[PDB]
$ cat data24.cif   # mmCIF, C-alpha atoms and all ligand atoms
data_query
loop_
_atom_site.label_atom_id
_atom_site.label_comp_id
_atom_site.auth_asym_id
_atom_site.auth_seq_id
_atom_site.Cartn_x
_atom_site.Cartn_y
_atom_site.Cartn_z
CA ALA A 1 0.00 0.00 0.00
CA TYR A 2 1.31 3.40 1.11
CA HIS A 3 4.08 1.88 3.32
CA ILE A 4 2.23 2.99 6.48
CA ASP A 5 2.70 0.45 9.24
CA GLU A 6 -0.13 -0.21 11.70
CA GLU A 7 2.15 -0.17 14.76
CA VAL A 8 4.81 2.43 13.79
CA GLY A 9 2.91 4.48 11.20
CA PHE A 10 5.24 6.41 8.90
CA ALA A 11 8.35 4.88 10.52
CA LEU A 12 10.28 2.07 8.83
CA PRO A 13 9.18 -1.11 10.64
CA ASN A 14 12.21 -2.80 12.16
CA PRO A 15 15.08 -1.05 10.34
CA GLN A 16 18.11 -2.91 9.04
CA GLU A 17 21.23 -2.15 11.02
CA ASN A 18 23.85 -3.96 8.97
CA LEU A 19 25.01 -3.65 5.39
CA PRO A 20 26.72 -6.35 3.28
CA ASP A 21 30.44 -6.67 4.01
CA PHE A 22 31.10 -5.01 0.66
CA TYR A 23 30.24 -1.67 2.33
CA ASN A 24 32.27 -1.89 5.57
CA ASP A 25 34.30 1.20 4.62
CA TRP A 26 31.04 3.18 4.53
CA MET A 27 29.76 1.61 7.74
CA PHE A 28 33.05 2.14 9.57
CA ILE A 29 33.01 5.90 8.88
CA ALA A 30 29.34 6.27 9.87
CA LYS A 31 29.68 4.33 13.17
CA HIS A 32 32.64 6.55 14.19
CA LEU A 33 31.60 10.09 13.26
CA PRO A 34 32.22 11.56 16.77
CA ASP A 35 35.88 10.40 16.86
CA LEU A 36 36.60 10.97 13.16
CA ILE A 37 35.06 14.42 13.40
CA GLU A 38 36.82 15.28 16.66
CA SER A 39 40.31 14.41 15.41
CA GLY A 40 39.75 15.77 11.89
CA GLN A 41 40.29 12.44 10.14
CA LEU A 42 36.71 12.46 8.80
CA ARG A 43 37.23 14.37 5.56
CA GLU A 44 40.43 12.42 4.94
CA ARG A 45 38.76 9.02 5.28
CA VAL A 46 35.95 10.13 2.93
CA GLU A 47 38.41 11.36 0.30
CA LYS A 48 40.16 7.96 0.36
CA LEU A 49 37.15 5.64 -0.18
CA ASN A 50 36.97 3.53 -3.31
CA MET A 51 33.82 3.90 -5.40
CA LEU A 52 31.39 1.21 -4.28
CA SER A 53 28.60 0.09 -6.59
CA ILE A 54 25.19 0.40 -4.95
CA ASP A 55 24.04 -2.68 -6.82
CA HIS A 56 24.92 -5.01 -3.93
CA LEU A 57 21.99 -3.45 -2.01
CA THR A 58 18.98 -5.62 -2.71
CA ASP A 59 15.87 -4.64 -0.67
CA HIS A 60 14.12 -1.50 0.56
CA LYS A 61 15.60 -1.87 4.04
CA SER A 62 19.19 -2.24 2.89
CA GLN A 63 18.80 0.78 0.61
CA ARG A 64 17.18 2.83 3.40
CA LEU A 65 20.11 2.02 5.69
CA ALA A 66 22.64 2.82 2.95
CA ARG A 67 20.91 6.15 2.45
CA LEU A 68 21.12 6.90 6.16
CA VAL A 69 24.82 5.93 6.23
CA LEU A 70 25.76 8.10 3.22
CA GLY A 71 23.55 10.91 4.50
CA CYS A 72 25.34 11.11 7.85
CA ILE A 73 28.76 10.99 6.15
CA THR A 74 27.67 13.80 3.82
CA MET A 75 26.57 16.10 6.62
CA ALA A 76 29.76 15.38 8.56
CA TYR A 77 31.85 15.97 5.45
CA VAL A 78 30.20 19.26 4.49
CA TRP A 79 29.97 20.85 7.95
CA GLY A 80 33.05 19.24 9.51
CA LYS A 81 33.37 20.56 13.04
CA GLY A 82 30.76 23.31 12.84
CA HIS A 83 32.69 26.57 12.92
CA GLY A 84 32.62 27.77 9.33
CA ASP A 85 35.17 25.43 7.73
CA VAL A 86 32.84 23.94 5.14
CA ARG A 87 33.29 21.88 1.98
CA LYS A 88 31.43 22.98 -1.15
CA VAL A 89 32.28 19.83 -3.16
CA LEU A 90 31.19 16.27 -2.26
CA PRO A 91 33.85 13.73 -3.42
CA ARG A 92 32.82 11.69 -6.45
CA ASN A 93 33.18 8.28 -4.71
CA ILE A 94 30.44 9.21 -2.26
CA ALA A 95 28.39 11.71 -4.33
CA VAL A 96 27.72 9.30 -7.25
CA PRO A 97 26.42 6.28 -5.24
CA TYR A 98 24.54 8.65 -2.93
CA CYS A 99 22.79 10.42 -5.83
CA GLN A 100 22.12 7.10 -7.59
CA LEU A 101 20.63 5.60 -4.42
CA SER A 102 18.59 8.74 -3.80
CA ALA A 103 17.17 8.68 -7.31
CA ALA A 104 16.01 5.08 -6.72
CA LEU A 105 14.36 6.00 -3.41
CA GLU A 106 13.02 9.26 -4.89
CA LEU A 107 14.56 11.45 -2.15
CA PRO A 108 16.84 14.49 -2.39
CA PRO A 109 20.49 13.60 -1.73
CA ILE A 110 20.59 15.22 1.70
CA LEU A 111 19.86 13.81 5.15
CA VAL A 112 16.11 13.96 5.72
CA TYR A 113 13.73 13.31 8.62
CA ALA A 114 12.92 9.91 7.12
CA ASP A 115 16.56 8.83 7.29
CA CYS A 116 17.76 10.04 10.66
CA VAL A 117 14.48 9.39 12.48
CA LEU A 118 12.26 6.91 10.68
CA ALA A 119 15.11 4.52 9.72
CA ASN A 120 17.67 5.31 12.44
CA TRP A 121 16.47 3.07 15.29
CA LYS A 122 16.45 -0.42 16.82
CA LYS A 123 14.82 -2.25 19.69
CA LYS A 124 17.24 -3.21 22.42
CA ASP A 125 15.27 -6.44 23.04
CA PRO A 126 12.97 -7.35 20.11
CA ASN A 127 10.50 -9.11 22.45
CA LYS A 128 9.83 -6.00 24.59
CA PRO A 129 7.74 -2.97 23.56
CA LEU A 130 8.68 0.29 21.83
CA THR A 131 9.59 2.34 24.88
CA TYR A 132 12.45 4.84 25.00
CA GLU A 133 14.28 2.51 27.41
CA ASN A 134 14.06 -0.38 24.91
CA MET A 135 15.38 1.63 21.96
CA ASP A 136 18.59 3.09 20.54
CA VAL A 137 19.60 5.15 17.48
CA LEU A 138 21.95 3.72 14.86
CA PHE A 139 24.16 6.78 14.25
CA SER A 140 25.21 9.98 16.04
CA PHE A 141 27.32 12.92 15.01
CA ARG A 142 29.21 14.14 18.14
CA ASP A 143 29.55 13.16 21.78
CA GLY A 144 26.95 15.19 23.62
CA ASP A 145 24.78 16.09 20.57
CA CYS A 146 21.60 14.55 22.13
CA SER A 147 20.94 12.74 18.82
CA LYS A 148 19.55 9.70 20.61
CA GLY A 149 17.07 11.80 22.59
CA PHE A 150 16.10 14.00 19.67
CA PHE A 151 15.75 11.16 17.14
CA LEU A 152 14.02 8.77 19.54
CA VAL A 153 11.52 11.29 20.94
CA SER A 154 10.55 12.40 17.40
CA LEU A 155 10.19 8.72 16.51
CA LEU A 156 7.94 8.15 19.52
CA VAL A 157 5.70 11.06 18.52
CA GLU A 158 5.40 9.29 15.12
CA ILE A 159 4.46 6.00 16.75
CA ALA A 160 1.82 7.80 18.81
CA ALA A 161 0.32 9.39 15.72
CA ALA A 162 0.26 5.88 14.19
CA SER A 163 -2.73 4.82 16.30
CA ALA A 164 -4.55 7.85 14.85
CA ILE A 165 -3.46 7.17 11.23
CA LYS A 166 -4.83 3.61 11.58
CA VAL A 167 -8.37 5.05 11.84
CA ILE A 168 -8.29 7.05 8.58
CA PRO A 169 -9.76 4.17 6.48
CA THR A 170 -12.73 4.01 8.88
CA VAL A 171 -13.38 7.74 8.37
CA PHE A 172 -13.80 7.55 4.61
CA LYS A 173 -15.81 4.34 4.65
CA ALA A 174 -18.23 5.62 7.30
CA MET A 175 -18.70 8.68 5.06
CA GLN A 176 -19.22 6.70 1.87
CA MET A 177 -21.58 4.23 3.61
CA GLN A 178 -23.42 6.98 5.55
CA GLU A 179 -22.66 5.57 9.01
CA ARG A 180 -22.97 8.54 11.37
CA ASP A 181 -22.19 6.78 14.67
CA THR A 182 -19.15 5.05 13.15
CA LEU A 183 -17.72 8.35 11.86
CA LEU A 184 -18.21 10.00 15.26
CA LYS A 185 -16.28 7.30 17.15
CA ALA A 186 -13.55 7.44 14.50
CA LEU A 187 -13.06 11.21 14.84
CA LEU A 188 -13.05 10.96 18.62
CA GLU A 189 -10.40 8.24 18.53
CA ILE A 190 -8.25 10.39 16.24
CA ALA A 191 -8.46 13.33 18.66
CA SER A 192 -7.62 10.98 21.55
CA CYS A 193 -4.48 9.72 19.83
CA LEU A 194 -3.54 13.24 18.75
CA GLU A 195 -3.78 14.17 22.44
CA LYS A 196 -1.48 11.32 23.50
CA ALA A 197 1.04 12.21 20.79
CA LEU A 198 1.28 15.66 22.36
CA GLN A 199 1.99 14.20 25.80
CA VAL A 200 4.72 11.97 24.30
CA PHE A 201 6.04 15.23 22.83
CA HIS A 202 6.70 16.57 26.39
CA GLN A 203 9.48 13.96 26.67
CA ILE A 204 11.70 16.18 24.50
CA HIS A 205 12.68 17.96 27.78
CA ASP A 206 13.52 14.61 29.38
CA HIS A 207 16.13 13.72 26.73
CA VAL A 208 17.28 16.81 24.79
CA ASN A 209 19.21 19.70 26.14
CA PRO A 210 18.77 23.11 24.45
CA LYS A 211 22.48 24.03 24.36
CA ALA A 212 23.43 20.65 22.86
CA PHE A 213 20.72 20.82 20.20
CA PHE A 214 21.27 24.44 19.24
CA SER A 215 25.05 24.50 19.11
CA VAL A 216 25.92 20.92 18.02
CA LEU A 217 23.11 18.91 16.48
CA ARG A 218 21.26 21.70 14.65
CA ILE A 219 24.46 22.19 12.61
CA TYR A 220 24.61 18.67 11.21
CA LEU A 221 20.88 18.82 10.24
CA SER A 222 21.35 22.08 8.35
CA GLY A 223 21.16 22.21 4.57
CA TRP A 224 22.40 24.22 1.62
CA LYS A 225 19.29 26.05 0.32
CA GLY A 226 19.40 29.77 0.96
CA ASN A 227 22.35 29.07 3.23
CA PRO A 228 25.01 31.81 3.12
CA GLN A 229 27.85 29.41 4.00
CA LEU A 230 27.02 27.44 0.77
CA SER A 231 25.37 30.18 -1.28
CA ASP A 232 25.16 28.17 -4.56
CA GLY A 233 24.49 24.82 -2.94
CA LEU A 234 26.66 21.71 -3.03
CA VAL A 235 28.51 20.26 -5.98
CA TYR A 236 27.71 16.55 -6.17
CA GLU A 237 30.95 15.76 -8.01
CA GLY A 238 30.79 13.36 -10.94
CA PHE A 239 26.98 13.42 -11.00
CA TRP A 240 25.80 16.97 -11.68
CA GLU A 241 28.04 19.65 -13.15
CA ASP A 242 26.54 22.71 -11.30
CA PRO A 243 25.99 22.98 -7.54
CA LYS A 244 22.53 22.08 -6.29
CA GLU A 245 20.56 23.49 -3.38
CA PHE A 246 18.60 21.35 -0.92
CA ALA A 247 16.92 22.22 2.36
CA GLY A 248 18.09 20.91 5.71
CA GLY A 249 16.08 18.59 7.89
CA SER A 250 12.88 19.43 9.71
CA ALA A 251 9.84 17.53 10.89
CA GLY A 252 8.04 19.73 8.45
CA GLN A 253 9.20 16.66 6.52
CA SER A 254 7.09 14.56 8.90
CA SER A 255 3.86 13.64 7.16
CA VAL A 256 2.00 13.48 10.50
CA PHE A 257 0.99 17.12 10.81
CA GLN A 258 0.34 17.29 7.04
CA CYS A 259 -1.70 14.09 7.29
CA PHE A 260 -4.33 15.61 9.56
CA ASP A 261 -4.35 18.98 7.76
CA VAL A 262 -5.51 17.21 4.60
CA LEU A 263 -7.91 14.89 6.45
CA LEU A 264 -9.65 17.69 8.33
CA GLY A 265 -9.72 19.88 5.22
CA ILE A 266 -7.46 22.59 6.62
CA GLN A 267 -6.32 24.86 3.84
CA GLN A 268 -2.57 25.04 4.49
CA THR A 269 -0.92 24.34 1.10
CA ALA A 270 -3.67 26.22 -0.80
CA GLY A 271 -2.56 29.71 -1.84
CA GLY A 272 0.66 31.33 -3.00
CA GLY A 273 1.92 32.78 0.27
CA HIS A 274 5.24 31.66 1.69
CA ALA A 275 3.69 29.32 4.31
CA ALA A 276 1.91 27.25 1.66
CA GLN A 277 4.92 27.07 -0.64
CA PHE A 278 7.21 25.81 2.14
CA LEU A 279 4.78 23.10 3.23
CA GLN A 280 4.45 21.88 -0.37
CA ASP A 281 8.22 22.07 -0.92
CA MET A 282 8.75 19.93 2.20
CA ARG A 283 6.65 17.18 0.57
CA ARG A 284 9.55 16.58 -1.83
CA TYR A 285 11.58 15.40 1.20
CA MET A 286 9.13 12.70 2.23
CA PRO A 287 9.30 9.08 1.02
CA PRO A 288 7.37 8.71 -2.28
CA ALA A 289 4.78 6.31 -0.83
CA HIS A 290 4.04 8.90 1.88
CA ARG A 291 3.90 11.69 -0.67
CA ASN A 292 1.37 9.61 -2.64
CA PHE A 293 -0.63 8.92 0.54
CA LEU A 294 -1.04 12.62 1.28
CA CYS A 295 -2.14 13.24 -2.32
CA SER A 296 -4.56 10.30 -2.23
CA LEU A 297 -6.24 11.88 0.82
CA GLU A 298 -6.34 15.30 -0.88
CA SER A 299 -8.55 13.89 -3.65
CA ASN A 300 -11.10 12.10 -1.47
CA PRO A 301 -14.34 13.87 -0.53
CA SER A 302 -13.89 16.46 2.18
CA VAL A 303 -14.40 15.32 5.75
CA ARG A 304 -14.98 18.97 6.65
CA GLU A 305 -17.72 19.37 4.01
CA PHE A 306 -19.55 16.25 5.25
CA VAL A 307 -19.64 17.32 8.91
CA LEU A 308 -20.53 20.89 7.87
CA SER A 309 -23.47 19.71 5.78
CA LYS A 310 -25.38 17.49 8.21
CA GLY A 311 -26.59 19.79 11.00
CA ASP A 312 -25.25 17.33 13.57
CA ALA A 313 -23.78 18.96 16.64
CA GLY A 314 -22.18 15.74 17.92
CA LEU A 315 -20.34 15.30 14.61
CA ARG A 316 -19.19 18.93 14.69
CA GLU A 317 -17.89 18.48 18.24
CA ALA A 318 -15.91 15.40 17.17
CA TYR A 319 -14.34 17.21 14.23
CA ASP A 320 -13.51 20.15 16.49
CA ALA A 321 -11.79 17.91 19.06
CA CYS A 322 -9.50 16.89 16.18
CA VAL A 323 -8.79 20.44 15.05
CA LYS A 324 -8.15 21.32 18.70
CA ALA A 325 -5.58 18.59 19.35
CA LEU A 326 -3.87 19.74 16.15
CA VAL A 327 -3.79 23.36 17.42
CA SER A 328 -2.41 22.15 20.76
CA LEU A 329 0.43 20.25 19.05
CA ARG A 330 1.48 23.31 17.03
CA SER A 331 1.29 25.68 20.02
CA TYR A 332 3.44 23.36 22.14
CA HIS A 333 5.74 23.21 19.11
CA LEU A 334 5.99 27.02 19.13
CA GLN A 335 7.07 26.66 22.76
CA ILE A 336 9.70 24.09 21.72
CA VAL A 337 11.14 26.36 19.03
CA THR A 338 11.42 29.08 21.67
CA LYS A 339 13.27 26.90 24.24
CA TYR A 340 15.56 25.14 21.72
CA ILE A 341 16.26 27.81 19.11
CA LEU A 342 15.25 31.41 19.87
CA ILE A 343 16.54 31.55 23.43
CA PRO A 344 19.89 29.79 22.66
CA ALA A 345 20.25 31.99 19.54
CA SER A 346 20.75 34.95 21.91
CA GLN A 347 23.72 33.42 23.87
CA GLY A 348 16.00 37.22 10.48
CA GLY A 349 15.00 34.00 12.23
CA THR A 350 11.88 35.98 12.96
CA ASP A 351 10.49 34.68 9.65
CA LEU A 352 10.76 31.31 11.38
CA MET A 353 8.20 32.23 14.02
CA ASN A 354 5.98 34.09 11.54
CA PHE A 355 5.73 30.91 9.50
CA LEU A 356 4.83 28.71 12.49
CA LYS A 357 2.35 31.24 13.88
CA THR A 358 0.65 31.50 10.49
CA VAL A 359 0.27 27.73 10.24
CA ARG A 360 -1.10 27.42 13.76
CA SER A 361 -3.46 30.34 13.11
CA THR A 362 -4.73 28.76 9.88
CA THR A 363 -5.34 25.56 11.85
CA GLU A 364 -7.36 27.22 14.61
CA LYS A 365 -9.37 29.12 11.96
CA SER A 366 -10.85 25.79 10.85
CA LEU A 367 -12.66 25.38 14.18
CA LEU A 368 -16.42 25.13 13.70
CA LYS A 369 -17.20 26.84 17.02
CA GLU A 370 -14.84 29.42 18.60
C1 LIG A 401 14.22 20.65 19.44
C2 LIG A 401 13.14 20.15 18.80
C3 LIG A 401 12.48 20.81 17.55
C4 LIG A 401 12.78 22.01 17.02
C5 LIG A 401 13.82 23.06 17.49
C6 LIG A 401 11.93 22.21 15.87
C7 LIG A 401 11.93 23.34 15.06
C8 LIG A 401 11.19 23.56 13.92
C9 LIG A 401 11.43 24.59 12.93
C10 LIG A 401 12.57 25.62 12.99
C11 LIG A 401 10.51 24.49 11.98
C12 LIG A 401 10.39 25.36 10.72
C13 LIG A 401 10.73 24.50 9.50
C14 LIG A 401 12.06 24.91 8.92
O1 LIG A 401 12.38 26.13 8.96
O2 LIG A 401 12.79 24.03 8.40
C15 LIG A 401 9.65 23.37 12.32
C16 LIG A 401 8.56 22.94 11.59
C17 LIG A 401 7.81 21.82 11.86
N1 LIG A 401 8.04 20.94 12.89
FE1 LIG A 401 9.52 21.08 14.31
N2 LIG A 401 11.11 21.11 15.73
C18 LIG A 401 11.42 20.21 16.73
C19 LIG A 401 10.78 19.00 16.89
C20 LIG A 401 9.64 18.60 16.22
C21 LIG A 401 8.87 17.39 16.47
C22 LIG A 401 9.16 16.31 17.55
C23 LIG A 401 7.84 17.39 15.61
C24 LIG A 401 6.75 16.31 15.44
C25 LIG A 401 7.06 15.01 15.42
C26 LIG A 401 7.92 18.56 14.77
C27 LIG A 401 7.03 18.87 13.74
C28 LIG A 401 7.09 19.94 12.86
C29 LIG A 401 6.23 20.25 11.74
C30 LIG A 401 5.02 19.43 11.28
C31 LIG A 401 6.65 21.37 11.15
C32 LIG A 401 6.03 22.08 9.92
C33 LIG A 401 5.14 23.23 10.43
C34 LIG A 401 3.73 22.75 10.73
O3 LIG A 401 3.27 21.74 10.11
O4 LIG A 401 3.05 23.38 11.58
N3 LIG A 401 9.04 19.27 15.17
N4 LIG A 401 10.09 22.83 13.52
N1 LIG A 402 18.96 26.25 10.53
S1 LIG A 402 17.47 26.12 11.38
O1 LIG A 402 16.66 27.35 11.24
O2 LIG A 402 17.69 26.09 12.84
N2 LIG A 402 16.61 24.74 10.86
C1 LIG A 402 15.25 24.81 11.35
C2 LIG A 402 14.42 23.67 10.78
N3 LIG A 402 13.88 22.84 11.85
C3 LIG A 402 14.71 21.79 12.45
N4 LIG A 402 16.02 21.83 12.62
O3 LIG A 402 16.37 20.67 13.22
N5 LIG A 402 15.28 19.87 13.44
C4 LIG A 402 14.23 20.52 12.94
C5 LIG A 402 12.74 20.05 13.01
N6 LIG A 402 11.89 20.85 12.95
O4 LIG A 402 10.59 20.43 13.02
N7 LIG A 402 12.38 18.67 13.30
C6 LIG A 402 13.31 17.62 13.22
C7 LIG A 402 13.19 16.54 14.12
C8 LIG A 402 13.97 15.41 13.96
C9 LIG A 402 14.80 15.28 12.85
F1 LIG A 402 15.58 14.15 12.69
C10 LIG A 402 14.84 16.30 11.89
BR1 LIG A 402 15.98 16.11 10.35
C11 LIG A 402 14.05 17.44 12.05
#

$ encode --input "data24.cif" --output "structure tokens"
Amino acid sequence: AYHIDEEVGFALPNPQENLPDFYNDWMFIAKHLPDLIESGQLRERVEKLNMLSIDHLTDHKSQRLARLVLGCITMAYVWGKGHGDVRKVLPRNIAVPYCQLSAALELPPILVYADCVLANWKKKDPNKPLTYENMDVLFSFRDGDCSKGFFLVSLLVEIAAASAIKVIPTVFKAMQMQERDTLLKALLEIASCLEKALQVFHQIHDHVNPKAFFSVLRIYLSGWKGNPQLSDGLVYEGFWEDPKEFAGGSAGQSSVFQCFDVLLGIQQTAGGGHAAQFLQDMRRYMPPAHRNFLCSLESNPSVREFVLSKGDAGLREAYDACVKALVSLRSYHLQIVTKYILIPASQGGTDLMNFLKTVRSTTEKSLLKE
């Protein structure tokens, strides 16, 4: 189908953690980024790799892991240590397989949300549940970067939203088959799961430290689109002749908030303003199956139209509980961007907050009763 798992939602079910032995020189660099970066051997070990054919990768999970491996190497190669000493050219022996692999997975050749979160995890013990304490990340950039906390908490917000996403078939079939009671329970279960996803979101304080995120990790997730340090983008040597620009990572790339915008008929990506264009641009950084899923929902009959047309105050309350849990998520998110970015910035990015406030505002405008 749309590669949406019932238990983990948009996340890659049970990611592969090991590559064929043919790729150990890739794997060795990725597993050792904190040391190799700290000493300054990282760029040297990248520039000495042979060119490895990607054709020994033979399933979606092996290719997803290879993309995560090459994507971490690329960020560590471009940004190095984080203090302005960048590289504007990606060596051929990594750029070519990376770009080839990315074309096959239909992703931009830059680290995205779906690599470093949705494929970058493992259970400690496969027979115990998906709790923080039973999980680990597969790669990190620097000692102290809080990558495990940041990646795993984002992942756990995705798994919470999965119990909501599981209900979306029920919504459209209760509409088609005119089943009012069924549609009302469905919307109320969605709001319930959206409310639990927000409480899982509070665990970002438990595991991520603002100074670590702002001054270490944020750097390795940054991109080269409208970035003054790489004003023309990145040359992917041996693959494209001219430098290319791509945006850095963001859970704007998470389909979960865009999922429920489309479902509830909230008019985010409709218009020509800068908030709509960004949200549609971020859809090019999502896995193709998830891109197609969001478009498939966009073409179905409106859930908002249905509830608005049937003079049914219980239905309207259920829809509003959904819009409200969405508004709560984005407001808490505003808070998070204040604690983890704006405050540490002071120790131009005011278009950041104007974007997020416009999206939250548009969301709360869809409420049926103020
Ligand atoms: C330290 C933690 C986080 C920070 C600092 C942060 C920051 C940001 C920033 C700066 C943007 C603007 C997009 C851009 O300029 O690239 C953004 C957008 C977004 N973020 Fe986060 N984020 C964090 C965690 C999360 C988590 C855990 C989620 C949900 C799983 C999330 C969901 C979203 C979404 C959906 C958008 C797009 C705007 C919208 O749909 O309302 N973020 N975030
Ligand atoms: N250079 S900048 O302004 O600070 N970049 C801001 C873009 N937002 C983010 N930066 O860093 N994580 C971001 C973000 N926002 O929702 N979510 C986020 C969460 C987990 C991930 F693995 C990735 Br990749 C992105």

$ residues_around --input "data24.cif" --residues "residue A:66" --least-positions-apart "4" --cutoff "9 Å" --atoms "all atoms listed in the file" --output "list in words"
residues 19, 23, 26, 27, 54, 57, 61, 62, 70, 71, 98 and 101 of chain A

$ atom_distance --input "data24.cif" --atom1 "atom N4 of ligand LIG 401 (chain A)" --atom2 "atom CA of residue A:84"
23.4 Å

$ residues_around --input "data24.cif" --residues "residue A:307" --least-positions-apart "3" --cutoff "12 Å" --atoms "only C-alpha atoms" --output "number ranges by chain"
A: 171, 174-175, 178, 180, 183-184, 187, 264-265, 301-304, 310-320, 367-368

$ residues_near_ligand --input "data24.cif" --ligand "ligand LIG 402 (chain A)" --cutoff "7 Å" --atoms "all atoms listed in the file" --output "PyMOL selection string"
chain A and resi 111-113+116-117+150-151+154+218+221-222+248-252+341+349

$ residues_near_ligand --input "data24.cif" --ligand "ligand LIG 401 (chain A)" --cutoff "8 Å" --atoms "all atoms listed in the file" --output "JSON, numbers by chain"
{"A": [150, 153, 154, 155, 157, 158, 201, 204, 208, 210, 213, 214, 247, 248, 249, 250, 251, 252, 253, 254, 255, 256, 257, 258, 279, 330, 333, 336, 337, 338, 339, 340, 341, 352, 353, 355, 356, 359, 360]}

$ residues_around --input "data24.cif" --residues "residue A:164" --least-positions-apart "4" --cutoff "7 Å" --atoms "all atoms listed in the file" --output "CSV table (one decimal) with C-alpha atoms, in the frame of the given file"
chain,number,residue,atom,x,y,z
A,189,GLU,CA,-10.4,8.2,18.5
A,190,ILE,CA,-8.2,10.4,16.2
A,193,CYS,CA,-4.5,9.7,19.8
A,194,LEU,CA,-3.5,13.2,18.8

$ closest_residue --input "data24.cif" --among "A:32, A:55, A:44, A:110" --to "residue A:74" --atoms "only C-alpha atoms"
A:110

$ atom_distance --input "data24.cif" --atom1 "atom CA of residue A:245" --atom2 "atom CA of residue A:225"
4.7 Å

$ atom_distance --input "data24.cif" --atom1 "atom CA of residue A:49" --atom2 "atom CA of residue A:30"
12.7 Å

$ closest_residue --input "data24.cif" --among "A:262, A:168, A:329, A:282" --to "residue A:196" --atoms "only C-alpha atoms"
A:329

$ closest_residue --input "data24.cif" --among "A:326, A:234, A:197, A:99" --to "residue A:162" --atoms "all atoms listed in the file"
A:197

$ residues_around --input "data24.cif" --residues "residue A:147" --least-positions-apart "6" --cutoff "9 Å" --atoms "all atoms listed in the file" --output "number ranges by chain"
A: 137, 139-141, 208, 213, 217

$ residues_around --input "data24.cif" --residues "residue A:229" --least-positions-apart "4" --cutoff "10 Å" --atoms "all atoms listed in the file" --output "list in words"
residues 79, 84, 85, 86, 87, 88, 223, 224, 225 and 233 of chain A

$ closest_residue --input "data24.cif" --among "A:146, A:343, A:75, A:65" --to "residue A:209" --atoms "all atoms listed in the file"
A:146

$ decode --input "data24.cif" --residues "stretch 208-220 of chain A" --atoms "N, CA and C atoms" --output "short mmCIF file (atom, residue, chain, number, x, y, z; two decimals), in the first residue's frame"
data_model
loop_
_atom_site.label_atom_id
_atom_site.label_comp_id
_atom_site.auth_asym_id
_atom_site.auth_seq_id
_atom_site.Cartn_x
_atom_site.Cartn_y
_atom_site.Cartn_z
N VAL A 208 16.58 15.92 25.70
CA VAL A 208 17.28 16.81 24.79
C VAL A 208 17.55 18.12 25.51
N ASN A 209 18.73 18.53 25.46
CA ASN A 209 19.21 19.70 26.14
C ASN A 209 19.37 20.86 25.16
N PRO A 210 18.74 22.01 25.42
CA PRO A 210 18.77 23.11 24.45
C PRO A 210 20.15 23.50 23.92
N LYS A 211 21.15 23.61 24.80
CA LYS A 211 22.48 24.03 24.36
C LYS A 211 23.13 23.00 23.45
N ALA A 212 22.97 21.71 23.76
CA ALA A 212 23.43 20.65 22.86
C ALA A 212 22.76 20.74 21.50
N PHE A 213 21.42 20.80 21.48
CA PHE A 213 20.72 20.82 20.20
C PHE A 213 21.10 22.05 19.39
N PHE A 214 21.05 23.23 20.01
CA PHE A 214 21.27 24.44 19.24
C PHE A 214 22.70 24.52 18.72
N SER A 215 23.69 24.18 19.54
CA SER A 215 25.05 24.50 19.11
C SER A 215 25.82 23.31 18.53
N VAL A 216 25.26 22.10 18.57
CA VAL A 216 25.92 20.92 18.02
C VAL A 216 25.03 20.27 16.96
N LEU A 217 23.87 19.76 17.38
CA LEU A 217 23.11 18.91 16.48
C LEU A 217 22.47 19.72 15.35
N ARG A 218 21.89 20.87 15.67
CA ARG A 218 21.26 21.70 14.65
C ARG A 218 22.17 21.88 13.44
N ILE A 219 23.49 21.90 13.67
CA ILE A 219 24.46 22.19 12.61
C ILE A 219 24.49 21.06 11.60
N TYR A 220 24.52 19.82 12.10
CA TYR A 220 24.61 18.67 11.21
C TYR A 220 23.30 18.36 10.49
#
